[PDB]
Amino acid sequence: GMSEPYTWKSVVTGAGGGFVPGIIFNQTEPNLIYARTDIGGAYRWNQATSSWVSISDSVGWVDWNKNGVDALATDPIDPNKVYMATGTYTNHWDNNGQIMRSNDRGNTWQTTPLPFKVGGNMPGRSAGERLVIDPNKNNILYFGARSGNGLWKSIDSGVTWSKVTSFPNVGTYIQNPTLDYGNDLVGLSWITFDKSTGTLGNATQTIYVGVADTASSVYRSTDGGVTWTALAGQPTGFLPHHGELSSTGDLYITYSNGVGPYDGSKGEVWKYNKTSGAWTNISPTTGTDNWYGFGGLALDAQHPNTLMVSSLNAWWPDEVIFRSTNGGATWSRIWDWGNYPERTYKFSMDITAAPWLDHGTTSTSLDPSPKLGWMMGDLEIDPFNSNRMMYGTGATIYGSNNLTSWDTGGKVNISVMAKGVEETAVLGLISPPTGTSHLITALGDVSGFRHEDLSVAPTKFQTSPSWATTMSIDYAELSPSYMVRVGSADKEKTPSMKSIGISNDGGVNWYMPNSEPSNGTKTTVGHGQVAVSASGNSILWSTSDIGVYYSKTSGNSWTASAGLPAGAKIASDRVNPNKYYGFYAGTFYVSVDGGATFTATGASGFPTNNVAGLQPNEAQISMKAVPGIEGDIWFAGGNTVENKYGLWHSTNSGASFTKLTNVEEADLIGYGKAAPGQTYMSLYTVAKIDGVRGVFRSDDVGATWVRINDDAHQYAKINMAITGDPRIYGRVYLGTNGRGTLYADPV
């Protein structure tokens, strides 16, 4: 009775919108494929529907770091078994990781904590795979770890893990030694068995391991992992991204001068013959012809001298896939220069499943749209179908079903193959009270979208302004066609781009105003939070860098607010266009002059969230005025260290709040249409209520709560955004950090 069964569905983007660093084919069962993401868990392919199914949605609030999937192994002896190395950061933003194991292809999981951290969202996450199953004795697993933890091993099918103390090199390369992100050793890079050196039921004797160490990076054991030696004659100076052993006995290895996924300004490709020990340089480009690492590496299992590699990263005009059908002796490019600047192409891009991937720009030879990709650190050829290719980019999964057209003078048709994947991080959600859109999102990396049919990919990328990330979006409650979004324009690429966008048609079309907040010395870089007055007659912009500014001219000019500290959270009254609210460091503020001046209120007991030791995603502040009721504000957030955590309610414009005693912890608050027989809007919250973490709805102003999610639909650290629907009672829209946006209704 504490729960209400709901149907949870993804708001469809078609492309996914995030980085897919690894795609893993089972070596024994055709059409068994998995995909791992850096912040959004993993997926299993459904061959009958050409779509992906999440195997991570039971990851919840406390174990949120399991959605950083640093490695994944699928069992070739029993294809029902799959394993993941999970954990998101190896710095102070996260705790220790774990090895997860499933006997039902990811439907259910068991977990073994590791005594160190796993880095699903760390540098080098596309190198791999760093978790592998012995293909002759599948109770044996090896894990190549980060931060100097070295090589680890399981002999009980992943239940317990031990360090392989005889492995001689834990890594030496560090990407960002001066930063607090990526200042640890990248560690080991990939592990590859030689299946021919064992038989069924007996441990495979030869194991290759790549290590992020420019001086000596490739190691081999020939006694089942007891002793290790660096391969004689191996090249130095680079970092091997992948090592794949063909049935001809040749080990192919891609190298970059970084671990990726964003860098890579020099690279090589080598092959090593396991019989002779001879190394051959098969780099597709060398010298000044090469300004990029090589990342993805795909062998063709059905034609073992065919292989492909991808640049990482060439950037301009696009990335390159190189294909060889003769063991790397000669390469073909997926595109070539014609009469410069014109190019010729061996591929055709199909983004009909996610048309916004053109970013609202017309394609040219020098600025293609959509691009072949970027951050292409992983490339796969289906081991049971040489015509099927898949690769991840920073935004989607691309693939082809007619790859061999490359070899016969035809055109490889490349299409979005990310159906069912949702990987965006949700910075904001609004559900407009009128018009054809029930949901407009503010997203990282792909800006956000105005959704109409929630099952149809958006057709229109957000442009003029066009930016990577929308940090905040609001609308005028009484004139809902007027709305404002703020982000961070790339003014080196487009010096005239603005970090604020304005719409007068409910988010279909945007324009950029004439100016931005400035303190005489510096113009804001953007981001922060935006709030729109109830009538749309002013904008309040709490910038990320130079404090709070307001505009009475829809952004044509800006003036610094007074009384509200820089970095404050802000919210507009949904009735009184003169009233704004602010919050910073435990103090609540009110403005009654359209955002020009703020005054602290006596509201006490609010958290400061200044606690030392809080991880970046640990604490939240969520503050919203109620549509249709002046001076009605709800406030959620806090933390357990200050012992100030929960849900507060004010009905006197923030002069005082009541802390609801029946809500132990709360992190987000949102509103939706009132229940039948009720006059007050339904409340939607992310909270811990009577010992239960989840998503809750109240139809009686917070007196009683019912859980509307369940243990199979948790979506990790869901402190990003939430709102109900002013036109649909029971409907909730839930943002995530890695699983896109969900919407849910009673079953």
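Residue numbers run from 1 along the displayed sequence.
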query	finding
692-700 versus 22-30 - greater average Cα B-factor per the deposited record	692-700
Higher-B stretch (mean Cα B-factor, as the entry records it), 603-611 or 190-198	603-611
Deposited CA B-factor, highest of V508, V486, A457, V592	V592
Options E618, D318, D407, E129 - largest CA temperature factor per the record	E618
Record-listed C-alpha B factor of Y684: chain third	middle
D367, C-alpha B-factor rank within chain (lowest, middle or highest third)	highest
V59 - Cα temperature factor, lowest/middle/highest third of chain	lowest
Lowest, middle or highest third - CA B-factor, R36	lowest
B-factor third for the C-alpha atom of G377 within its chain	lowest
